[PDB]
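Student: experimental coordinates follow, after the sequence.
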Amino acid sequence: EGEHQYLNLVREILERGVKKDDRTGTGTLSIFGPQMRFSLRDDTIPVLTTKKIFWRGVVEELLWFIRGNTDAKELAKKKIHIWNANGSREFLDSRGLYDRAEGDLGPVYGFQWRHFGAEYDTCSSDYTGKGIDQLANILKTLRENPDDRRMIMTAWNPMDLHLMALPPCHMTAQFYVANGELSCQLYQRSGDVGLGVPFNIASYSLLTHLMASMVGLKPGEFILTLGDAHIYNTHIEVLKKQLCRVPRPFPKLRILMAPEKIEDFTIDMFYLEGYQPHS
Amino acid sequence: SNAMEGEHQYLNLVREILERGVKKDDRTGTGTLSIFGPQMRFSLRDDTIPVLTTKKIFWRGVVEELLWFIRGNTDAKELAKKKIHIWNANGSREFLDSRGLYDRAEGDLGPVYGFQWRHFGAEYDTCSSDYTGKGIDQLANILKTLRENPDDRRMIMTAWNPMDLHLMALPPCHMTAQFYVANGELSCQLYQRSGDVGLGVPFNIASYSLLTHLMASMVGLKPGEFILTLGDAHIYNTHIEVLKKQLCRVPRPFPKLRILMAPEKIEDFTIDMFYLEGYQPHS
Ligand SMILES: O=c1ccn([C@H]2C[C@H](O)[C@@H](COP(=O)(O)O)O2)c(=O)[nH]1
Ligand SMILES: O=c1ccn([C@H]2C[C@H](O)[C@@H](COP(=O)(O)O)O2)c(=O)[nH]1
């Protein structure tokens, strides 16, 4: 049912979610363990049509993850300011990272993907050949042994959590191949269904399409498995309004080229075709 | 996944892989029927524990393997002493040599499951080594969080340590678990990257459901649900006919777990402290 899976999850949380408080104390409606499956066949990419998704933000954040970058200032340079708050002096101080420079998020997401286990210094440091390159290893495995049942990429490193501005949310992904098609399952421990989740869906779906082009496979499915899937009490009314919007068909991703190395992908190499969101 | 489908979810999953699974080769290439991403949900309410009734589950094996994980133990010889021989093959001289672990003593599985639960990040020496206060005790940290901040969305326990994989006899299967609390009920979701639906999966279901029941008793919570999320869910070509025969079996109601006491520390639980009530499997 495509987008209707997302909209039915919103509906389910509104109707059956339990009243649960978050870190600050801000209330949520919550359910545990829901799953959503999106077809990536016929170039489809699940970018929501009932709300306009910040596609440029999705792309730049992903490429920044793929490069193994952790400097929020590098995103701020591209006019993507989604990570600036968690890289602020006041926020880093609140986490006990007083020595850490402004915008230096620590060994978050991408650093774990490309350099798992490497000793973190700063965001500007040279990490070439440091730690375990999980992403490069998955790409080599998809080319040489696509039936492998261990194609895991994790950002969940218990030893580095204290060094991160925030612990990973979209924490573990698994890759799978069947009938020349690449599928991805993301385990996400916590999901703000109203804000973060639509962005995570577009992000990992883009990652799967990009990875498929790297290894001569076709995109299959993207599965999002959530832990605590919740709606903030402040979002209920705006989400109720979004539920009345009739979805339009999902856009198609057009990849113009794939470079030799996945970290050399630029926003110019691919684009959304027929993206018609509600205004 | 729907909680009150009980054992029918499992029988529907077997039927699903049988009818819709793709022909996929494994490590050796023995052949499987495979599907990606299926989920099962089991209610642990009213003391229910999802131990399959369409096939007899080795309950004593489930229990002793779990307690051995909870203790952070990795010596297959310690399991063998309890007449549980399920890990003996992967601890054998021939198998350890096949993994390039020639220096490794027989039965020493390396930093597998339980060692990661209790000592994530600790430097592994042998199975007999003293690891008291070494590495990150994920299980003890989850238990403290369940007592102090049950709404926490970071109660993760992982065995997936990329740096230790080469030291293990086998990479972790049941790799990451998340805990959750709502209305005084404890739920567990397990992410399992690979599942042999015919053999390992029924055992993993009973194992993590037992762990949830045990953890709840430790922290004054009631068991809620156990969610199993699979990556590659498969059936080996050699099991197709035996599984088709199991599909003709009508499930009986699930047994109930009776916990007599909970010790101060979870690693001090013994098989004598709890038992299965009304377990009626097909013979
Ligand atoms: O990619 C992300 C990152 C964060 N969040 C949301 C989930 C929670 O509402 C919040 C993080 O809070 P904790 O789960 O860490 O408490 O941000 C997402 O939805 N997606
Ligand atoms: O707790 C476990 C451990 C293993 N397996 C099965 C899954 C696979 O059939 C096999 C392990 O093989 P790989 O996924 O590592 O290739 O054992 C399970 O079902 N459950």
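Tutor: Done, it's in. Numbering: from 1, shown residues only, chains lettered A, B, ... in the order given. Ligands and ions are numbered 1, 2, ... in the order given.
Student: quick one: stretch A:160-179 to chain centroid distance?
Tutor: 9 Å (C-alpha atoms, centre = their mean, to the nearest Å).
Student: first-to-last residue distance for it?
Tutor: The straight-line separation of the ends of stretch A:160-179 (C-alpha to C-alpha, to the nearest Å) is 38 Å.
Student: how many neighbouring residues does residue A:259 have?
Tutor: Residue A:259 has 12 neighbours, counted by other C-beta atoms under 10 Å in any protein chain shown. The way it works is simple: take the backbone N, C-alpha and C, and place the C-beta from them, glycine included.
Student: who's in contact with residue A:161?
Tutor: Residue A:161 sits next to residue A:167 when contact means C-beta atoms under 8 Å, 6 or more residues apart in numbering or on different chains.
Student: what about the nearest residue to residue A:257 once chain neighbours are set aside, distance to ligand 1?
Tutor: Nearest non-adjacent residue to residue A:257, counting by C-beta to C-beta, 6 or more residues apart in numbering or on different chains: residue A:269, 5.4 Å away. Computed as C-beta to the nearest ligand atom, to the nearest Å, the residue A:269 to ligand 1 distance reads 24 Å.
Student: now residue A:139
Tutor: Relative to ligand 1, and taking C-beta to the nearest ligand atom, residue A:139 is found at 23 Å.
Student: what sits against residue A:117?
Tutor: A:131, A:132, A:157, B:162, B:163.
Student: typo on my end, residue A:258
Tutor: Taking C-beta under 8 Å, 6+ apart, one finds A:210, A:213, A:214, A:265, A:269 in contact with residue A:258.
Student: next: residue A:250.
Tutor: A:2, A:3, A:44, A:45, A:46, A:47, A:49.
Student: residue A:114: what's it in contact with?
Tutor: A:66, A:67, A:68, A:127, A:131, A:133, A:134, A:135, A:136, A:263.
Student: quick one on the thing from earlier: the residue nearest to residue A:257: neighbour count?
Tutor: Neighbours around residue A:269, by other C-beta under 10 Å: 16.
Student: nearest residue to the residue positioned nearest the centre of chain A in space, please, no chain neighbours.
Tutor: With distances taken as C-alpha atoms, centre = their mean, residue A:200 lies nearest the centre of chain A, 3.8 Å away. Residue nearest to residue A:200 in three dimensions, not counting chain neighbours: residue A:170, with 5.2 Å by C-beta to C-beta, 6+ apart.
Student: and the closest residue to residue A:196 other than its chain neighbours, how many neighbours does it have?
Tutor: Distance criterion C-beta to C-beta, 6+ apart; nearest residue to residue A:196, sequence neighbours excluded, is residue A:169 at 7.1 Å. When neighbours are defined as other C-beta under 10 Å, residue A:169 has 18 of them.
Student: sec struct for residue A:49, please.
Tutor: With DSSP: H, G, I helix; E, B strand; the rest coil as the basis, residue A:49 sits in coil.
Student: residue contacts, it?
Tutor: By C-beta under 8 Å, 6+ apart, residue A:49 lies in contact with A:3, A:245, A:247, A:248, A:249, A:250, A:275, A:276, A:277, A:278.
Student: same question, residue A:52
Tutor: Residue A:52 touches A:277, A:278, A:279, counting by C-beta under 8 Å, 6+ apart.
Student: got the residues of chain A near ligand 1?
Tutor: Where chain A comes near ligand 1, counting by C-beta under 6 Å from any ligand atom, the residues are A:22, A:23, A:167, A:169, A:170, A:190, A:191, A:192, A:196, A:197, A:200.
Student: those: which two are farthest apart?
Tutor: Largest separation among those by C-beta to C-beta: A:23 and A:200, giving 19.0 Å.
Student: tell me where the stretch 51-200 of chain A has strands.
Tutor: A:152-154, A:170-178, A:181-192 (DSSP state E, counting those that start in this stretch).
Student: got those as a markdown table, with mean neighbour count columns?
Tutor: Listed next are the strands of the stretch 51-200 of chain A as a markdown table, based on neighbours: other C-beta atoms under 10 Å in any protein chain shown:
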| stretch | mean neighbour count |
| --- | --- |
| strand A:152-154 | 22 |
| strand A:170-178 | 24 |
| strand A:181-192 | 24 |
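Student: the stretch 51-200 of chain A against ligand 2: which residues are in contact?
Tutor: Applying C-beta under 6 Å from any ligand atom, we find that the stretch 51-200 of chain A lies next to ligand 2 at residue A:149.
Student: kindly recompute the last result at 8 Å.
Tutor: The stretch 51-200 of chain A has residues A:148, A:149, A:150 near ligand 2, with proximity defined as C-beta under 8 Å from any ligand atom.
Student: would you turn these into JSON lines with neighbour count?
Tutor: Shown next, in JSON lines, are these (neighbours: other C-beta under 10 Å):
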{"residue": "A:148", "neighbour count": "18"}
{"residue": "A:149", "neighbour count": "21"}
{"residue": "A:150", "neighbour count": "21"}
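Student: which of the contacts of residue A:117 sits closest to ligand 2?
Tutor: Among those, residue B:162 lies closest to ligand 2 (C-beta to the nearest ligand atom), at 14.9 Å.
Student: quick one, phi/psi of that closest one?
Tutor: Torsion angles at residue B:162 (phi, psi; degrees, to the nearest 10) stand at phi -50, psi -30.
Student: what's the answer for the one 10 residues further on, then?
Tutor: The phi and psi torsions at residue B:172 (degrees, to the nearest 10) take the values phi -60, psi 140.
Student: quick one: contacts for the closest residue to residue A:235 other than its chain neighbours?
Tutor: Distances taken as C-beta to C-beta, 6+ apart place residue A:194 nearest to residue A:235, at 3.8 Å, with adjacent residues excluded. Residue A:194 is in contact with A:10, A:231, A:232, A:235, A:238, A:239, counting by C-beta under 8 Å, 6+ apart.
Student: let's see if you can find the most crowded of these.
Tutor: With neighbours defined as other C-beta under 10 Å, the most crowded of these is residue A:231; it has 25 neighbours.
Student: please name the bridge partners of it.
Tutor: residue A:29 (DSSP bridges).
Student: hmm, residue A:26 and it touching each other?
Tutor: No: at 11.4 Å, residue A:231 does not count as touching residue A:26 under the criterion of C-beta atoms under 8 Å.
Student: residue numbers of chain A in contact with chain B?
Tutor: Proximity of chain A to chain B (C-beta under 8 Å from any C-beta of the partner chain) is limited to residues A:18, A:20-22, A:30, A:32-33, A:35, A:37, A:116-117, A:132, A:134, A:147, A:149-150, A:152, A:154, A:156, A:158-159, A:167, A:171-172, A:174, A:176, A:178-179, A:183, A:185, A:187, A:189-190, A:221, A:223, A:225, A:227-228.
Student: much appreciated, bye for now.
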